[PDB]
Amino acid sequence: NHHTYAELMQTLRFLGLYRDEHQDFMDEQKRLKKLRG
Amino acid sequence: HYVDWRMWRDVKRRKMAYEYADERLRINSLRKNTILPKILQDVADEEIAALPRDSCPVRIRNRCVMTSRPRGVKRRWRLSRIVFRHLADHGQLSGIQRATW
Amino acid sequence: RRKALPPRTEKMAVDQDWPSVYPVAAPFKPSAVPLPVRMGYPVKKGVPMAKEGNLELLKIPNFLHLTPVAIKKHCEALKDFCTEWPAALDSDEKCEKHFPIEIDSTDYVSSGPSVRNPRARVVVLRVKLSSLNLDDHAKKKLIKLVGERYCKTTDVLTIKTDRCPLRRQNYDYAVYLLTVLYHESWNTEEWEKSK
Amino acid sequence: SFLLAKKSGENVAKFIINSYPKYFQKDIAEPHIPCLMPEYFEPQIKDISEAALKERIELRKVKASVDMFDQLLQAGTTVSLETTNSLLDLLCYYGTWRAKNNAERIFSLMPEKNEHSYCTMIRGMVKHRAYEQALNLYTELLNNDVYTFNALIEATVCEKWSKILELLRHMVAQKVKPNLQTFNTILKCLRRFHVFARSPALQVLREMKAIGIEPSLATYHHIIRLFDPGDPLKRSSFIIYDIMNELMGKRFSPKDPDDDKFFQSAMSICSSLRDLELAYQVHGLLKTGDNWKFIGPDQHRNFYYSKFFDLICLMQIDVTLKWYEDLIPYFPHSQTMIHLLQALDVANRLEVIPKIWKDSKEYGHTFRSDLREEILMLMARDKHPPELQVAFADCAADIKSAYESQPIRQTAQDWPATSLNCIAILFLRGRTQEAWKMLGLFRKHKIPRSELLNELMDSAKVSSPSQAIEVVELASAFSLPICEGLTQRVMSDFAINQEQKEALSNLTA
Amino acid sequence: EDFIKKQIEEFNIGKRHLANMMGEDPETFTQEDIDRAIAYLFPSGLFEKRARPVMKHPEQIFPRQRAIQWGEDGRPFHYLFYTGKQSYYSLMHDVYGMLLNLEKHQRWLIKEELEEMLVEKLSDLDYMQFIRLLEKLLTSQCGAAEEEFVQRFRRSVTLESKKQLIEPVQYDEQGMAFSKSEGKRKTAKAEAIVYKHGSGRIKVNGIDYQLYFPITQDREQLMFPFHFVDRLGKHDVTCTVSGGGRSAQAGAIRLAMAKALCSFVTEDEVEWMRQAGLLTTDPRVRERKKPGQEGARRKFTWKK
Amino acid sequence: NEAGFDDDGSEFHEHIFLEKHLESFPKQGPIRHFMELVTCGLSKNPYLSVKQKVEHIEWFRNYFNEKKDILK
Amino acid sequence: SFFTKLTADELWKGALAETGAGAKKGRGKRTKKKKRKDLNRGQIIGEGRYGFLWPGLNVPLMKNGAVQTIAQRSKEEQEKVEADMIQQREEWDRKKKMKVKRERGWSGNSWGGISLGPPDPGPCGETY
Amino acid sequence: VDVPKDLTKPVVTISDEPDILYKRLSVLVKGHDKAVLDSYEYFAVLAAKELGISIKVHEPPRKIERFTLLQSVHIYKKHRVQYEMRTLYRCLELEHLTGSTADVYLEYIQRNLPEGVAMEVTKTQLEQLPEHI
Amino acid sequence: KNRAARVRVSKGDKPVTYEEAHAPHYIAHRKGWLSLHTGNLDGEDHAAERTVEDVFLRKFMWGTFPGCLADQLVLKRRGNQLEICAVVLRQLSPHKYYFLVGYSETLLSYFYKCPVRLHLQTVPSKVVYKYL
RNA sequence: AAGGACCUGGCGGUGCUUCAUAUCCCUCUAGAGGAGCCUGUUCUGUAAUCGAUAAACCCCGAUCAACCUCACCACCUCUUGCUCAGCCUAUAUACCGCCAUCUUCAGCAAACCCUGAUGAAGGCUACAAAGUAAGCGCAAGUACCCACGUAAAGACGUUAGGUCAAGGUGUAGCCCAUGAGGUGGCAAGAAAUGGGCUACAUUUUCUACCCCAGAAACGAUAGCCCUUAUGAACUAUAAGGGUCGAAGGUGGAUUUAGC
Ligand SMILES: [Mg+2]
Ligand SMILES: [Mg+2]
Ligand SMILES: [Mg+2]
Ligand SMILES: [Mg+2]
Ligand SMILES: [Mg+2]
Ligand SMILES: [Mg+2]
Ligand SMILES: [Mg+2]
Ligand SMILES: [Mg+2]
Ligand SMILES: [Mg+2]
Ligand SMILES: [Mg+2]
């Protein structure tokens with residue numbers, strides 16, 4: 001289940017051990033978009 | 001967190017088919033059997049007709065796991081041809097050589 | 001900041017217990033391995049990659065462990081435990097005389113966490129009726145019953161059991177099937193007498 | 001630090017798995033293994049019976065307090081005498097105002113208390129609180145087990161001749177027939193005493209052997225330690241050598257959890273006695289069978305290896321040094337290296353010290369000059385091998401490289417003043433300009449010395465009038481002994497070169 | 001440069017270690033032993049030796065590089081160094097000196113071979129120049145040292161036999177002589193025992209050819225070997241076959257019969273049979289079908 | 001491949017011979033025909049155990065006993 | 001999904017479009033340029049939303065000669081760390097994007113009065 | 001110098017029952033590398049010969065399976081890309097081999113597998129006749 | 001012109017490693033397979049499970065040891081036991097290295113319910129096959 | 001701006017010479033444009049996908065669409081909606097990833113030197129006159145039965161070549177929607193064209209054998225009815241049986257594949 005996989009990796013990112021490059025990319029572009037309106 | 005809503009629906013159909021697998025088998029036997037009363041065959045027919053949707057094993061599809069591509073998926077590997085070629089080129093999997101014969 | 005000590009090449013002597021330093025299967029560990037063995041496609045005016053970063057020697061299966069010396073040592077160690085085969089049994093005919101009923105199962109072993117696979121349940125067995133029936137009526141009866149389970153060229157009757165998932169269950173069902181088959185071939189019926 | 005960080009990571013993984021079981025809930029592996037299954041310390045819904053049964057499963061005390069509350073306030077009934085005994089077992093094992101409160105709340109239970117309950121209360125009050133309470137509990141018990149009477153005995157103990165006597169007498173009188181763990185505990189309490197209990201310990205152990213229960217694994221070693229000491233006892237040492245030789249000859253079976261101190265204090269006695277056959281036998285002890293689990297803690301292993309190699313050094317030493325070169329594995333502390341260098345000095349094997357110092361530097365020999373000073377003194381007290389002067393210069397250069405690391409610590413400032421003389425002499429003994437400019441730096445930092453005068457004189461005579469003068473005359477103007485040496489130096493050819501430096505020499509003289 | 005000696009000594013140490021590993025007295029030890037040891041201790045499915053694991057001596061691992069050709073200062077050592085191709089220049093100078101010396105007195109070597117022999121590259125043009133000079137020198141007489149100089153470069157011809165293998169005769173019961181042979185085909189493989197003393201009828205898996213081959217071209221092919229040799233009814237043959245095609249089995253039987261008859265018949269007649277061309281397995285096989293093609297060679301029609 | 005998963009000490013005869021499980025109907029009727037074919041298929045199938053086989057059988061029992069209104 | 005995720009460099013390539021049709025022919029684009037960035041180098045692997053203190057990587061493992069234990073960073077401390085990381089990223093971006101002042105020579109947008117510094121030292125060694 | 005004094009031997013017990021007689025242990029190793037298969041079979045035959053049992057070595061042919069994939073993504077029917085999975089077989093037969101010898105040998109080999117190999121055991125054991133017959 | 005597991009030829013300032021330098025049609029000829037299992041062979045099964053799980057292994061380990069690795073991994077599955085081999089740089093401290101090693105090993109063992117081990121080889125700078 | 005002379009490429013229904021491997025022909029064979037059938041394309045209407053849609057698509061995405069596959073449409077519902085949202089919404093003229101193309105090629109080239117008065121640019125004369133070359137590709141070697149051969153490979157770049165619909169992502173939008181959920185049909189041909197199958201004959205058709213025989217002087221894989229395979233669902237999907245027993249008489253330019 002992608003459910004288990006992604007939930008585990010999300011919780012572990014929140015712990016701050018797995019530097020998810022894809023998620024960093026995503027959230028960075030989302031920060032940029034919310035800054036630009 | 002499945003790939004998409006079509007994969008979500010496919011997995012729901014698969015789970016429903018599994019959890020109604022044996023019963024559907026039994027009533028399908030009771031239908032397709034011939035020496036038994038045709039009235040009982042018809043009873044089982046409307047039973048199957050009243051069974052809920054997404055319950056048959058025919059509505060599901062052998063879709064891909066990675067890219068959710070329905071077509072071009074091998075039953076053995078369950079991977080799309082594109083992802084299979086990707087992994088074979090990157091040498092991730094084992095024991096696959098190019099047929100340069 | 002931190003520094004890595006030099007490899008064990010100069011440290012390891014020519015006289016050395018290789019089976020002891022490599023008891024079990026393990027990676028190549030070139031730092032511990034003193035041999036300069038390299039493997040890789042050499043470049044024009046070049047050479048294969050040194051053992052330092054040669055991950056292809058790791059890709060390939062590993063057999064540094066279990067040297068000939070290690071194999072010898074472990075064989076002489078387990079020689080205490082292995083038993084002897086009966087010297088009276090030195091031929092196929094003698095073995096089949098001592099124990100006519102042959103039976104054989106089979107199963108694979110594969111890399112992975114799970115180990116069961118339904119092919120474990122199957123078991124075949126063989127027996128020739130040239131010496132077991134001791135009669136003609138039941139012989140003809142059972143050879144009429146069985147359609148293709150027999151072989152008249154090599155003179156063997158073979159039967160397979162997989163109807164049960166357990167190997168012991170298949171074994172017990174096969175033996176009980178042979179027993180009931182013999183018991184039902186012993187007797188006869190009126191439509192069998194009238195032919 | 002590394003392996004304890006590994007263990008901390010193991011604990012961390014335990015935390016993740018027991019905080020999020022649903023991820024590792026799937027049973028992918030065919031053989032079901034509860035060790036691999038997630039662990040669930042989760043209380044279920046309120047149910048006094050199964051909750052009290054689960055008390056023994058959760059292994060804590062807040063649940064037990066809450067259950068006692070629920071059973072006393074509104075219920076007023078006992079689910080089971082065995083359940084109450086288990087609750088009391090847990091509460092005594094967990095025990096300090098908290099222990100006082102627990103002990104005063106072990107009197108709010110129902111009257112259904114038996115030998116088991118009373119004796120577990122005694123156990124708890126002994127191994128967690130004062131001993132007068134345990135004594136009162138035992139008097140109450142009499143008014144109304146092995147480990148229970150054990151606790152009572154060590155509570156009474158922890159001079160008391162009459163008490164010890166009556167205790168032992170009536171304890172042996174009763175039909176308990178302990179497994180001698182009571183004896184082991186009273187030995188632990190008798191860790192220190194004079195002969196009037198050291199020698200009676202021998203007859204008590206003879207009685208132990210007569211009854212035939214103990215393997216003599218812990219009490220024997222404890223009396224060995226109690227033998228500790230103004231004068232070594234060679235007679236007792238040989239007797240115990242024979243005894244432990246028979247112990248090693250026979251195979252061992254572990255029974256006492258205190259076998260970890262055995263190893264360490266045994267090797268301490270080994271370092272006190274100082275006998276080679278004793279060391280051989282104590283090595284054969286752990287080298288006989290699967291007994292190498294008794295080493296255990298790194299501190300005890302360190303003490304053992306340290307004293308072992310120390311005695312082996314202070315025992316030819318070729319066998320010893322090859323034993324070491326084969327069985328270093330971790331890098332030992334300086335002490336062992338000091339004893340090694342002393343053994344190498346007494347043996348006169350000069351060619352071995354470079355390799356040992358190189359090994360120490362490779363492993364962990366950095367930022368400490370005690371062993372450097374020792375090596376330098378021992379090696380340039382020698383100057384016999386001429387071809388080895390190249391190795392002298394090389395190891396001196398390596399020592400100086402190790403020295404010059406960073407000044408922020410200030411510790412490298414006093415190393416040249418202590419041991420630069422031998423280093424520079426070794427450098428002098430082929431290439432010499434390095435030694436010349438290094439003595440220059442040394443004096444330009446001084447603490448002159450007679451060995452330093454000899455160094456200067458030999459360097460000057462092996463070396464060029466002006467090149468020798470610009471050193472000897474300068475150090476003469478600096479200090480007087482180089483001037484008393486310059487008086488002799490200026491005779492041959494130094495004086496005729498130029499007069500101003502000779503005038504400075506005359507002025508300073 | 002010191003790294004070369006470092007690798008040499010370390011390779012010797014590793015050879016001693018491997019000898020101790022595989023359990024042999026490290027003194028007597030050989031390259032084939034090294035190869036077998038490395039193949040057993042570290043197998044590899046790589047096809048090319050270039051990529052397979054190889055424990056080789058450093059002198060053969062590293063290719064020859066021209067060492068420093070000029071001293072630490074001043075002039076270079078050789079007298080052609082200021083121009084490239086200095087070694088070949090000196091060689092041509094010496095060859096021309098020898099040529100003019102002989103004047104006043106009165107197989108070949110591969111380009112790449114000379115390349116690895118020297119430490120510089122060259123062109124086809126000056127290679128042909130060198131070959132021309134060699135042949136011009138050889139057209140005339142040649143002294144002993146001159147012949148040896150030329151033979152240093154000239155290599156072995158390595159000529160093949162140009163002959164068809166001769167199988168040994170065999171003897172079985174009743175003192176009966178015969179000869180066995182085997183032939184193959186696209187998908188048919190057969191083995192034939194030719195009996196000399198016997199003659200006449202032929203057996204094929206226990207069945208005669210007249211009714212085993214309803215068509216006559218197969219029997220004509222079976223006759224072609226006997227027909228060319230001209231011994232028709234003086235030798236009998238048994239044969240066992242396993243194949244799919246009729247003509248395939250016919251050709252296999254023909255090849256096996258010829259390969260068994262060449263043993264009995266004289267070597268001159270075997271040479272005549274080879275000139276006839278019936279003693280070589282057909283290398284032609286049905287080509288593979290291609291993924292984009294409609295067949296083995298035909299493509300889809302050009303749609304434009 | 002059978003270290004564990006012994007099927008609760010089940011037996012080959014308990015798997016295959018369903019004659020003891022088949023008692024509440026005569027030996028000629030169409031329900032007999034269908035349930036005999038069911039027992040044959042169950043014995044042929046090794047994947048399912050006696051528990052699932054008796055589950056099949058009892059479910060068919062309930063089926064035709066709550067449809068006992070016909071018995072034609 | 002997580003299986004849909006992949007490494008960084010290919011995303012960077014697909015986003016920047018360094019070698020598409022636009023870059024060829026010299027057509028380029030209207031003075032827009034996506035600047036390269038690396039997020040892995042910035043933050044240490046330790047901190048996250050849940051501020052567990054790691055003696056192995058986040059906190060020094062030994063303090064006062066005593067092994068440490070896993071603990072929690074409170075809400076205020078976590079928010080302080082978040083604000084500090086925000087300020088650090090802002091400082092990094094500021095230092096990244098700045099002005100460039102090449103001395104104006106003959107005129108702006110001209111390579112006339114600009115010097116490239118002394119020549120490069122020769123191979124044999126010749127400082128100019 | 002460190003050579004242990006007393007070797008700890010595992011416990012062994014000869015139970016009341018007789019050991020089973022395997023007529024033939026026929027093992028089949030499937031692999032991807034001829035060299036790995038040769039090394040593994042040399043290992044096995046050397047162990048068997050040093051344990052003192054008969055041996056024999058055969059080499060079945062190479063099996064290959066190929067299947068065609070579209071080289072491109074959207075529209076390309078002429079151009080395909082192919083693959084091939086090659087499995088190589090090796091047989092090893094052992095005759096007149098006692099039950100406990102089989103146990104020890106199979107434990108040894110099953111611990112001495114390499115990774116990229118599959119191993120199929122076929123065990124043939126003879127027995128006497130039943131009592132009900 | 002095919003683009004498949006290959007790096008573009010640059011001016012010659014792009015260090016490239018063996019596996020990513022060589023083409024995907026040179027895998028069996030001049031390379032080895034990163035993983036080695038029998039699911040691809042005949043008679044085995046769960047090959048899709050093997051592929052998905054090992055891909056997840058590689059992903060999770062690459063992202064839980066980020067910036068330290070410089071090449072692909074080596075998986076070696078003998079029956080039950082799993083072995084991983086990595087090549088890393090001496091970037092971070094041995095403390096962190098061992099902590100993450102134990103953490104990942106424990107988590108993977110708990111997840112796959114399988115005996116797992118992993119080894120790492122340190123390198124000062126990533127080995128380069130050629131400059132492309 | 002116009003203009004004069006020059007550098008490079010393309011172009012020439014551009015000259016001379018050497019070639020064209022199944023490609024140009026003359027040549028050799030078998031086919032496509034004749035009739036029927038299967039399957040795409042254009043086009044008609046439907047509320048009813050989409051994209052490629054010259055060479056370099058037209059049994060193309062698709063090695064599958066009766067229901068999911070469904071992305072279209074009518075109707076009926078959900079509003080943090082499995083997603084710390086979602087969107088097959090636009091942009092292939094942002095892209096990555098993946099391929100056609102010349103390629104049935106052999107050139108592409110960092111880094112130096114030289115010539116042109118130090119211009120765009122070029123650097124070829126071997127009995128040699130300024131070219132030297134990293135590296136890539138080719139090649140070689142590797143796979144099959146070889147060393148030939150077939151496969152494999154085939155760089156720099158053109159077509160802003162195809163693909164935001166394998167998957168993701170930059171930008172712009174829906175974020176009660178342009179998102180999501182459940183019922184249905186949609187998926188026919190007045191028509192034109194394409195690729196393949198069938199036969200138009202006696203080298204054919206039928207009968208047993210796969211080749212020594214005996215007869216006829218052929219052609220339905222379309223339609224109607226029935227049976228069977230699985231499905232919950234056979235009006236019809238597939239296979240079989242009875243009937244129907246025609247078009248068709250070997251092709252209207254031209255053109256395709258092959259040593
Ligand atoms: Mg379907
Ligand atoms: Mg300006
Ligand atoms: Mg292609
Ligand atoms: Mg659909
Ligand atoms: Mg939509
Ligand atoms: Mg385009
Ligand atoms: Mg080539
Ligand atoms: Mg190709
Ligand atoms: Mg375009
Ligand atoms: Mg159906």
# chains A, B, ... in the order shown; residues from 1 in each chain; ligands from 1

$ select_by_dssp --residues "chain A" --states "alpha helix (DSSP H)" --output "ChimeraX atom specification"
/A:2-15,21-36

$ residues_around --residues "range 18-27 of chain F" --least-positions-apart "6" --cutoff "10 Å" --atoms "only C-alpha atoms (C1' of nucleotides)" --output "list in words"
residues 33, 35, 36, 38, 39, 40, 42, 43, 50, 53, 54, 57, 58 and 61 of chain F

$ residues_near_ligand --ligand "ligand 4" --cutoff "8 Å" --atoms "only C-alpha atoms (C1' of nucleotides) and all ligand atoms" --output "ChimeraX atom specification"
/J:65,67-70

$ residues_near_ligand --ligand "ligand 6" --cutoff "6 Å" --atoms "only C-alpha atoms (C1' of nucleotides) and all ligand atoms" --output "PDB file with N, CA and C atoms (P, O5', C5', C4', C3', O3' and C1' of nucleotides), in the first residue's frame"
ATOM      1  P     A J  92       2.120  23.632 -27.644  1.00  0.00           P
ATOM      2  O5'   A J  92       3.471  22.796 -27.764  1.00  0.00           O
ATOM      3  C5'   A J  92       3.812  21.814 -26.793  1.00  0.00           C
ATOM      4  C4'   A J  92       5.167  21.211 -27.065  1.00  0.00           C
ATOM      5  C3'   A J  92       5.283  20.441 -28.379  1.00  0.00           C
ATOM      6  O3'   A J  92       6.601  20.581 -28.904  1.00  0.00           O
ATOM      7  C1'   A J  92       5.733  18.985 -26.578  1.00  0.00           C
ATOM      8  P     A J 160      10.458  23.185 -37.223  1.00  0.00           P
ATOM      9  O5'   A J 160      11.535  23.051 -36.058  1.00  0.00           O
ATOM     10  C5'   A J 160      11.709  24.091 -35.099  1.00  0.00           C
ATOM     11  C4'   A J 160      11.688  23.548 -33.692  1.00  0.00           C
ATOM     12  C3'   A J 160      10.371  22.898 -33.273  1.00  0.00           C
ATOM     13  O3'   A J 160      10.624  21.776 -32.431  1.00  0.00           O
ATOM     14  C1'   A J 160      10.866  24.681 -31.808  1.00  0.00           C
ATOM     15  P     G J 161       9.832  20.403 -32.680  1.00  0.00           P
ATOM     16  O5'   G J 161      10.354  19.913 -34.102  1.00  0.00           O
ATOM     17  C5'   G J 161       9.518  19.949 -35.248  1.00  0.00           C
ATOM     18  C4'   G J 161       9.057  18.566 -35.623  1.00  0.00           C
ATOM     19  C3'   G J 161       8.203  17.857 -34.579  1.00  0.00           C
ATOM     20  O3'   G J 161       6.832  18.204 -34.662  1.00  0.00           O
ATOM     21  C1'   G J 161       9.965  16.438 -35.217  1.00  0.00           C
TER      22        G J 161
END

$ residues_near_ligand --ligand "ligand 5" --cutoff "9 Å" --atoms "only C-alpha atoms (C1' of nucleotides) and all ligand atoms" --output "list in words"
residues 71, 87, 88, 89, 178 and 179 of chain J

$ residues_near_ligand --ligand "ligand 1" --cutoff "12 Å" --atoms "only C-alpha atoms (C1' of nucleotides) and all ligand atoms" --output "list in words"
residues 10, 13, 14, 56, 57, 58, 59, 60, 61, 62, 63, 70 and 71 of chain B; 64, 65, 66, 67, 68, 69, 230 and 231 of chain J

$ residues_near_ligand --ligand "ligand 2" --cutoff "7 Å" --atoms "only C-alpha atoms (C1' of nucleotides) and all ligand atoms" --output "ChimeraX atom specification"
/G:107-109

$ write_last_selection --atoms "N, CA and C atoms" --output "compact mmCIF listing (two decimals), in the first residue's frame"
# COMPACT_ATOMS: atom_id res chain seq x y z
N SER G 107 32.08 52.66 -21.72
CA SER G 107 30.65 52.90 -21.55
C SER G 107 30.03 51.64 -20.98
N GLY G 108 28.77 51.75 -20.59
CA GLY G 108 28.04 50.58 -20.14
C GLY G 108 27.80 49.59 -21.26
N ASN G 109 27.77 48.31 -20.90
CA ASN G 109 27.55 47.24 -21.87
C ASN G 109 28.63 47.24 -22.94

$ interface_residues --of "chain D" --to "chain I" --cutoff "6 Å" --atoms "only C-alpha atoms" --output "VMD selection string"
chain D and resid 2 5 to 6 9 13 24 29 36

$ residues_near_ligand --ligand "ligand 8" --cutoff "8 Å" --atoms "only C-alpha atoms (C1' of nucleotides) and all ligand atoms" --output "number ranges by chain"
B: 100; H: 81; J: 151-153

$ residues_around --residues "residue 310 in chain D" --least-positions-apart "2" --cutoff "12 Å" --atoms "only C-alpha atoms (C1' of nucleotides)" --output "MDAnalysis selection string"
chainID D and resid 267:268 270:272 274:276 279 302:308 312:315 317 320:321 324 332:343

$ residues_around --residues "range 10-23 of chain A" --least-positions-apart "6" --cutoff "8 Å" --atoms "only C-alpha atoms (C1' of nucleotides)" --output "list in words"
residues 5, 6, 7, 8, 39, 40, 45, 46, 47, 48, 49, 50, 51 and 52 of chain G; 60, 63, 64 and 66 of chain I

$ write_last_selection --atoms "N, CA, C and O atoms" --output "compact mmCIF listing (two decimals), in the first residue's frame"
# COMPACT_ATOMS: atom_id res chain seq x y z
N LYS G 5 7.99 9.81 -6.68
CA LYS G 5 9.13 10.69 -6.44
C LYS G 5 10.40 10.08 -7.02
O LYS G 5 10.47 8.88 -7.32
N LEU G 6 11.42 10.92 -7.16
CA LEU G 6 12.69 10.50 -7.75
C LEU G 6 13.75 11.51 -7.34
O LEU G 6 13.47 12.47 -6.61
N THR G 7 14.98 11.30 -7.81
CA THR G 7 16.11 12.13 -7.41
C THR G 7 15.92 13.57 -7.86
O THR G 7 14.92 13.91 -8.50
N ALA G 8 16.87 14.44 -7.51
CA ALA G 8 16.71 15.88 -7.68
C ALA G 8 17.17 16.39 -9.03
O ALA G 8 16.52 17.25 -9.62
N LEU G 39 19.12 22.19 -1.89
CA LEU G 39 18.50 22.20 -0.57
C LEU G 39 19.15 21.21 0.39
O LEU G 39 19.08 21.41 1.61
N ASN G 40 19.79 20.16 -0.13
CA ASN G 40 20.41 19.17 0.74
C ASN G 40 21.58 19.78 1.50
O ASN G 40 21.79 19.47 2.68
N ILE G 45 20.74 17.12 8.49
CA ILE G 45 19.75 16.05 8.39
C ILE G 45 18.96 15.82 9.67
O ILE G 45 18.05 14.99 9.67
N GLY G 46 19.29 16.53 10.75
CA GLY G 46 18.72 16.20 12.05
C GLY G 46 17.34 16.77 12.33
O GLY G 46 16.43 16.03 12.72
N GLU G 47 17.16 18.08 12.14
CA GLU G 47 15.95 18.73 12.60
C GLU G 47 14.77 18.40 11.69
O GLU G 47 14.92 18.08 10.51
N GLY G 48 13.58 18.50 12.27
CA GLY G 48 12.35 18.33 11.52
C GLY G 48 11.21 19.00 12.25
O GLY G 48 11.41 19.87 13.09
N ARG G 49 9.99 18.57 11.92
CA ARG G 49 8.82 19.06 12.65
C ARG G 49 8.86 18.58 14.10
O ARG G 49 8.90 19.39 15.03
N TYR G 50 8.86 17.27 14.30
CA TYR G 50 9.04 16.70 15.63
C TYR G 50 10.50 16.85 16.03
O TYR G 50 11.39 16.23 15.43
N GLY G 51 10.76 17.68 17.03
CA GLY G 51 12.12 18.03 17.39
C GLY G 51 12.75 17.08 18.39
O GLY G 51 13.19 17.51 19.46
N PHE G 52 12.81 15.80 18.06
CA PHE G 52 13.54 14.86 18.89
C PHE G 52 15.03 15.20 18.88
O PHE G 52 15.61 15.49 17.83
N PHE I 60 14.89 4.29 -0.08
CA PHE I 60 14.93 4.67 1.33
C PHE I 60 16.36 4.82 1.82
O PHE I 60 16.67 5.77 2.56
N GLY I 63 18.05 7.94 0.39
CA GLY I 63 17.56 9.17 0.98
C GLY I 63 17.79 9.29 2.47
O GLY I 63 17.68 10.39 3.02
N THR I 64 18.12 8.19 3.13
CA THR I 64 18.51 8.22 4.53
C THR I 64 20.02 8.24 4.73
O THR I 64 20.48 8.38 5.87
N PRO I 66 21.84 10.57 2.55
CA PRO I 66 21.98 11.51 1.44
C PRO I 66 23.32 12.23 1.48
O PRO I 66 23.83 12.59 2.54

$ interface_residues --of "chain G" --to "chain J" --cutoff "7 Å" --atoms "only C-alpha atoms (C1' of nucleotides)" --output "PDB file with N, CA and C atoms, in the first residue's frame"
ATOM      1  N   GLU G  10      17.261  15.358 -12.082  1.00  0.00           N
ATOM      2  CA  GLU G  10      16.399  15.273 -13.257  1.00  0.00           C
ATOM      3  C   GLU G  10      15.246  16.266 -13.163  1.00  0.00           C
ATOM      4  N   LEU G  11      14.716  16.482 -11.956  1.00  0.00           N
ATOM      5  CA  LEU G  11      13.728  17.539 -11.774  1.00  0.00           C
ATOM      6  C   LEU G  11      14.328  18.902 -12.082  1.00  0.00           C
ATOM      7  N   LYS G  13      16.759  19.532 -14.118  1.00  0.00           N
ATOM      8  CA  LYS G  13      16.907  19.607 -15.567  1.00  0.00           C
ATOM      9  C   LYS G  13      15.573  19.919 -16.234  1.00  0.00           C
ATOM     10  N   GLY G  14      14.527  19.175 -15.871  1.00  0.00           N
ATOM     11  CA  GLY G  14      13.226  19.393 -16.477  1.00  0.00           C
ATOM     12  C   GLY G  14      12.660  20.766 -16.185  1.00  0.00           C
ATOM     13  N   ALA G  15      13.025  21.347 -15.040  1.00  0.00           N
ATOM     14  CA  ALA G  15      12.518  22.667 -14.687  1.00  0.00           C
ATOM     15  C   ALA G  15      13.306  23.773 -15.377  1.00  0.00           C
ATOM     16  N   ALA G  17      15.272  23.494 -18.210  1.00  0.00           N
ATOM     17  CA  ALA G  17      15.230  23.380 -19.666  1.00  0.00           C
ATOM     18  C   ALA G  17      16.495  23.987 -20.279  1.00  0.00           C
ATOM     19  N   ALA G  21      14.590  23.169 -27.191  1.00  0.00           N
ATOM     20  CA  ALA G  21      14.570  23.906 -28.448  1.00  0.00           C
ATOM     21  C   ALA G  21      14.896  25.378 -28.227  1.00  0.00           C
ATOM     22  N   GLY G  22      14.436  25.942 -27.109  1.00  0.00           N
ATOM     23  CA  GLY G  22      14.604  27.369 -26.885  1.00  0.00           C
ATOM     24  C   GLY G  22      16.059  27.801 -26.864  1.00  0.00           C
TER      25      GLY G  22
END

$ residues_near_ligand --ligand "ligand 7" --cutoff "9 Å" --atoms "only C-alpha atoms (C1' of nucleotides) and all ligand atoms" --output "list in words"
residues 138, 139, 140, 141, 153 and 154 of chain J
